[PDB]
Amino acid sequence: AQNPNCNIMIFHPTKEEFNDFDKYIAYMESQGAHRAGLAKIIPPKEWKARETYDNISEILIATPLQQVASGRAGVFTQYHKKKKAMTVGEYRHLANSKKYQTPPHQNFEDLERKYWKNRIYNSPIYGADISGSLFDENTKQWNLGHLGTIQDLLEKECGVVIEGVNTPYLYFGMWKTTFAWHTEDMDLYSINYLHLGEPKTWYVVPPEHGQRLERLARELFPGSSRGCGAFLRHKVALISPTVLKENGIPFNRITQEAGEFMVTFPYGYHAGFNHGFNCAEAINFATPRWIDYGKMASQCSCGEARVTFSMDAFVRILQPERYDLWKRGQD
Ligand SMILES: O=C(O)CNC(=O)C(=O)O
Ligand SMILES: [Mg+2]
Ligand code: NI
Ligand SMILES: [Zn+2]
């Protein structure tokens, strides 16, 4: 078995190897990359996403989210308080202000220490989940707006045509902005490109050990767990690396820098934080190997998780027994 310790793997495809996206994912999996739940892909030196980032300041962040924490430094939840609209240029200025800017630090490990010590005492503002793309239309390789759609993949594998569309999302971050522990909708893959700015640190649990994280989460968030049998789908719970190690949960960590891709694999729980002002693009995708994960994915039916239009058909076709309950949760 390749990669039996479930380490995060880093790949350096050549320009030739960068042509065929699906082929390269399958190659990474042949080397055991999926066992980690997360891989890094450094693009060939000949590649670029677009020419410059000089003209992005007028993008609108219609609903910036202030991420308010509750709990203790290593075990907390966050809620999202909606703020007034602002442009990317306004948000960048806010991220760089004394109130929000990254503190002085020695290296990524020192900043990580500071994050986990102090995150809860601040409420950073996250420009998350903005439909759109920063890839140039002329970028032919690894262009996250030109991937094969998940509806086409399901149709190809299973023979059933379904409604729905699959488009990317932009994330404008600042110091301490946080993504809570989660797997993707329907335990899909994700791919994330860090277009510009400061790094993003990731934590990940191997898919074969995801249920160990779920059991810890139920213990640590006992009210949330009574409320919903899949409450990590709410995307509000944080647990630090120190707490995971104390509880024997297998995990890994890595820092993504501008110009790098990350891929999350089906049922790979992940969480993390941004170092300072940045902009990432991400989208979900599927392969043949995903179908079995999609058929077994948990679902939230309590009402909280509320998701896109396109998840309806995935539940309907892959999980017909669960469909009626899940849809009630949507309504
Ligand atoms: O960048 C973020 O805030 C969150 N991203 C992801 O969870 C992802 O790309 O799968
Ligand atoms: Mg602009
Ligand atoms: Ni994700
Ligand atoms: Zn729920």
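A. Quick peek at the coordination of the zinc ion (ligand 4). Only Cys228 (SG), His234 (NE2), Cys300 (SG) and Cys302 (SG) from the protein reach the zinc ion (ligand 4) as donors, at distances of 2.1 to 2.4 Å. When the donors of the zinc ion (ligand 4) are listed by position in the chain, the intervening gaps give C-x5-H-x65-C-x1-C.

B. Inspection of the sheet that holds strand β15 (residues 269-274) at higher detail. As summarised here, the arrangement of the four strands in space is β9-β15-β11-β13, forming an open sheet in which the pairing is antiparallel. The open sheet terminates on both sides in strands that have one partner only, identified here as β9 (178-182) and β13 (252-256). Taken pair by pair, the neighbouring strands of this sheet meet at an average axis angle of 15°, ignoring direction. Its contacts with the sheet put helix α3 (residues 108-118) on β9, β11 (200-205), β13 and β15, and the angle it makes with β15 is roughly 100°. Helix-sheet contacts for helix α5 (residues 210-220) involve β9, β11 and β15, and the interaxial angle to β15 is about 70°.

C. How the structure looks around the site of ligand 1. Neighbouring ligand 1 are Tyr126, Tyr171, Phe179, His182, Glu184, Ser190, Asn192, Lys200, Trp202, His270 and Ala282. With respect to ligand 1, the side chain of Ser190 contributes an N or O atom lying 2.7 Å from an oxygen atom. In the model, an oxygen atom of ligand 1 is placed 2.9 Å from a nitrogen or oxygen of the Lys200 side chain. Here ligand 1 has 290 Å² of accessible area as a free molecule, and 94% of this is covered by the chains. Contributing elements (two or more residues each) for the shell around ligand 1: β9, β10 (189-197) and β11. The class makeup of the residues in the shell around ligand 1 is five nonpolar, four polar and two charged.

D. Highlighting the pairing of β9. The buried fraction of β9 is high, at five of five residues. Sheet topology note: the β9/β15 ladder contains three bridges and is antiparallel. Residue pairing across strands places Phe179 opposite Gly272, the latter belonging to β15.

E. Molecular detail of the sheet that holds strand β4 (residues 65-72). Taken together, the 10 strands give an open sheet; going across it, the order is β1-β2-β14-β10-β16-β8-β7-β4-β5-β12, and neighbouring strands pair in mixed fashion. For this open sheet the edge positions go to β1 (9-11) and β12 (237-239), each flanked by a neighbour on one side alone. Shown here is a sheet whose adjacent strand axes are inclined to one another by a mean of 25°, direction ignored. Sheet topology places β4 next to strand β7 (residues 125-131); two bridges connect them, and they run antiparallel. Across the sheet, residue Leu65 finds its bridge partner in β7, namely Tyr126.

F. Here's a closer look at the UniProt feature "binding site: Zn(2+)" in the protein. Under the present numbering, the feature "binding site: Zn(2+)" in UniProt falls on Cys228, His234, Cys300 and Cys302. A maximum C-alpha distance of 9.9 Å places the annotated residues, which cover 75 residues in sequence, within one compact spot. Looking at where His234 falls in the secondary structure, it is placed in the loop between α6 (222-227) and β12. When neighbours within four sequence positions are excluded, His234 is seen to be in contact with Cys228, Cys300, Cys302, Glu304 and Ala305. Among the secondary structure elements, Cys302 is positioned in the loop between α8 (290-296) and α9 (311-318). Under the relative-accessibility criterion, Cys302 is labelled partly exposed at 37%. Setting aside its immediate chain neighbours within four residues, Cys302 contacts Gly227, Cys228 and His234.

G. Broad picture of the pairing of β7. Most of β7 sits inside the fold, with five of its seven residues counted as buried. Summarising the sheet, β7 and strand β8 (residues 169-173) pair through three bridges and their orientation is antiparallel. Counterpart to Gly127 in the pairing with β8 is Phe172.

What counts and what doesn't
Residues numbered from 1 in each chain as written, not as in the entry; some residues may be left out. Chains lettered and ligands numbered in written order. Heavy atoms only, no water. Residues with missing side-chain atoms left out of burial classes, pairs and counts. Donors = N, O, S within 2.8 Å, 3.2 Å for Na, K, Ca; no water. Pairing = 2+ DSSP bridges. Helix = DSSP H or I, 4+ residues; strand = E, 2+ residues; numbered from the N terminus. Axes fitted to C-alpha atoms, helices over the stretch in contact; angles between N-to-C directions. Contact = heavy atoms within 4.5 Å. Near = heavy atom within 4 Å. Polar contact = N/O pair within 3.5 Å; in protein donor to acceptor, adjacent residues only side chain to side chain. Areas by Shrake-Rupley, 256 points an atom, 1.4 Å probe, with all protein chains shown as cover. Nonpolar A, V, L, I, M, F, W, Y, C, P; charged D, E, K, R; others polar. Buried < 20%, exposed > 50% of the residue type's maximum accessible area, 1.4 Å probe, protein only. UniProt positions renumbered as here; feature names shortened; annotations may be inferred.

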